[PDB]
Structures are given as C-alpha cells and as structure tokens.
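Just so it is clear: chains get the letters A, B, ... in the order the sequence lines come, proteins before strands, and each one is counted from 1. Below, each value reflects all heavy atoms present in this structure, side chains not excepted, and no hydrogens, waters or symmetry copies.
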Amino acid sequence: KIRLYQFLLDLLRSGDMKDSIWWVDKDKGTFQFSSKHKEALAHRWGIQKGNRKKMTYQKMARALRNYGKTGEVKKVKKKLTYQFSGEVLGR
DNA sequence: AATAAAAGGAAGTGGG
DNA sequence: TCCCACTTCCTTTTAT
C-alpha cells in the first residue's frame, strides 16, 4: 500500500486538507497539524488503509514517531510540527 | 492548576 | 514461514 509520509506529502503538495495540515516552511519540509481539524485527516488516513478501527491523530503520530528511527520524518520541538527529510522531498 | 500533546513498550494486522 | 510498515492499546511524562 501507500506509506504514511507519502500520504501526508501528497496532501501537502496538492493543497487538500489545508484546514488540517499546512507547510510552516515549504523549502525546509516543515509542516504542522491543526489542533482543531487534525482528526479529519487521521480519519481519512485510516479509511484509505482499510483499518479495522477508526484512525485517530494519536495513533497516526505513533506511527509518525517511528520514522524518527529511519529518518523520513523528524519531530520538531514545536506543537504538532514535523519535518520531512531532504531524501523524502525528492521522489 | 488543567489539559492537550508527546512518548514508547508490546503484542496485533495486512500483505508481500 | 518471515518481515514491513504500521495499528492498537494503555500509562506516564512533558509542554503549554
């Protein structure tokens, strides 16, 4: 299937769910979730993966944190803010 | 305070 | 079989 970072990047590069997620600095890959609207986006991720349960922002961030080990997505020390690697922003 | 976020271990799921 | 890439579940810590 489709990887979570890819799903997120595709929404950012096509501008859907701007009420739920947006660039903080596009050229640096840094993006941010909305406090109020992030659950619509979590829900959409879970629908698209066919998961048994309703996907939530907390479970999605749990996955997001695993990218910290590999490097695709780094947590920034700002509320609800993350950062794609340069490698991810190419392909 | 209070509370939303961040954290992360551990066993579970799909599908290749 | 095994491994990947999450997903689920829960308590504890940290940041606002």
Side-chain angles (χ1 to χ4, degrees), chain A residues 2-90:
Chain A
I2 175 183
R3 304 193 67 186
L4 170 58
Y5 73 82
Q6 193 66 76
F7 168 82
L8 293 182
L9 183 65
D10 281 351
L11 292 157
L12 283 150
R13 283 183 172 161
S14 59
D16 27 7
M17 310 210 60
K18 161 61 218 226
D19 296 345
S20 302
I21 193 190
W22 53 81
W23 296 115
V24 187
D25 187 322
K26 176 183 203 176
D27 315 306
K28 301 193 155 283
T30 60
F31 64 94
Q32 180 175 56
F33 295 92
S34 153
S35 191
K36 294 181 283 104
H37 215 320
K38 50 192 203 284
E39 304 293 352
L41 184 164
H43 196 20
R44 170 170 175 182
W45 166 236
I47 297 165
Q48 174 166 157
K49 286 279 297 300
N51 298 328
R52 180 185 112 246
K53 294 305 216 78
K54 190 195 205 63
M55 173 59 62
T56 58
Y57 171 81
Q58 184 173 346
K59 285 191 283 174
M60 175 181 249
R62 176 74 182 85
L64 277 179
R65 282 200 290 285
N66 286 342
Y67 286 141
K69 287 164 281 186
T70 307
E72 295 86 344
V73 185
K74 298 262 76 196
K75 187 70 174 65
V76 171
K77 305 301 307 198
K78 246 66 63 233
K79 215 202 325 301
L80 300 169
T81 307
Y82 298 76
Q83 184 176 25
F84 293 107
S85 73
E87 195 174 308
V88 157
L89 300 165

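Spacing between atom CZ of A:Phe33 and atom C1' of B:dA4 amounts to 16 Å, rounded to whole angstrom units. Whole-Å rounding puts the A:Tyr5 OH to C:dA5 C1' distance at 11 Å. Between A:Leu8 atom CG and C:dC6 atom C1' the separation is 13 Å, expressed in whole Å. Counting to the nearest Å, the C1' atom of C:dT7 and the OH atom of A:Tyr57 are 16 Å from each other. With rounding to whole Å, A:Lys74 atom NZ is found 15 Å from B:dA6 atom P. One can place CE of A:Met55 at 13 Å from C1' of B:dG14, the figure rounded to the nearest angstrom. To the nearest angstrom, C1' of B:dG15 lies 16 Å from CD1 of A:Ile2. Rounded to whole Å, atom P of B:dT3 lies 18 Å from atom CG of A:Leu80.
Checked by atom type and distance alone, the side chain of A:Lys59 pairs as donor or acceptor with a backbone atom of A:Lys54 at under 3.5 Å. No donor-acceptor pair closer than 3.5 Å links the side chain of A:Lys74 to the backbone N or O of A:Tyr82. A:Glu87 places no side-chain N or O within donor-acceptor distance of the main-chain N or O of A:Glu72, the cut-off being under 3.5 Å. Under the 3.5 Å distance criterion, the side-chain polar atoms of A:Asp25 are matched with a main-chain donor or acceptor of A:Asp27.
Residues A:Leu12 and A:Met60 are members of one and the same hydrophobic cluster, defined by side-chain heavy-atom contacts under 4.5 angstrom among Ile, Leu, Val, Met, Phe, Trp and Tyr. By the criterion of side-chain heavy atoms lying less than 4.5 angstrom apart, applied directly or through intervening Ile, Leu, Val, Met, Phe, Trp or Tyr residues, A:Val88 is grouped together with A:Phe33 in one hydrophobic cluster. Connection of A:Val76 to A:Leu64 is not established within any shared hydrophobic cluster, with ILVMFWY side chains joined at heavy-atom distances below 4.5 Å, either directly or through further cluster members. A:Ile21 and A:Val24 fall into different hydrophobic clusters, where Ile, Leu, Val, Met, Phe, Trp and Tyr residues are linked whenever their side-chain heavy atoms come under 4.5 Å apart, directly or through other members.
Across all strands shown, A:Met60 has no heavy atoms under 4.0 Å from either base or sugar-phosphate atoms. Within the 4.0 angstrom heavy-atom criterion, no nucleotide atom of any strand lies near A:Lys36.
The 5' end of DNA chain B is approached more closely, in terms of each residue's nearest nucleotide, by A:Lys75 than by the other of A:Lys75 and A:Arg62. Annotation: of the two residues near DNA chain C, A:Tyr67 and A:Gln58, the 5′-most nearest-nucleotide partner is A:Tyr67.
For A:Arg3 against C:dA5, a side-chain-to-base donor-acceptor contact under 3.5 Å is absent.
To the nearest whole angstrom, the two P atoms, one in C:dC10 and one in C:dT14, are 23 Å apart. Nucleotides C:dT7 and C:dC3, compared at atom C1', are 16 Å apart to the nearest Å. Spacing of P atoms, C:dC6 relative to C:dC2, comes out at 22 Å, to the nearest Å.
For A:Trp45 and C:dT7, the shortest distance from a side-chain N or O to OP1 or OP2 is below 4.0 Å. Taking 4.0 angstrom as the limit, A:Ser35 places a side-chain polar atom (N or O) nearer than this to OP1 or OP2 of B:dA5. Under 4.0 angstrom from either OP1 or OP2 of C:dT7 there lies at least one side-chain N or O belonging to A:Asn51. A:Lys53 has no side-chain polar atom (N or O) that falls below the 4.0 Å cut-off from OP1 or OP2 of C:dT8. Phosphate contact (OP1/OP2 of B:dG15, side-chain N/O of A:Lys49, threshold under 4.0 Å): absent.
For the side chain to side chain contact (heavy atoms under 4.5 Å, CB included) criterion with A:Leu89, the lone passing option out of A:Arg13, A:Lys28, A:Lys26 is A:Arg13.
Closest to the A:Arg65 side chain, of the nucleotides B:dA7, C:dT7, B:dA5, is B:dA7.
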Query raised in the report: Just the dot-bracket of DNA chain C, please: which string comes out with Watson-Crick or G-U pairs under 3.5 Å, [ ] for crossing, | for another strand?
Result: .||.|||||||||.|.

Atom pairs, protein N/O to nucleotides 13-16 of chain C N/O, distance under 3.5 Å:
residue, atom, partner, partner atom, Å
C:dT16, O3', A:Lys79, NZ, 3.2

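A:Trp23 and A:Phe31 have perpendicular rings, their planes meeting at more than 60° on a 0 to 90° scale where under 30° would count as parallel.
Atom OG1 of A:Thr56 sits about 10.0 Å away from atom NZ of A:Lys38, to the nearest 0.5 Å.
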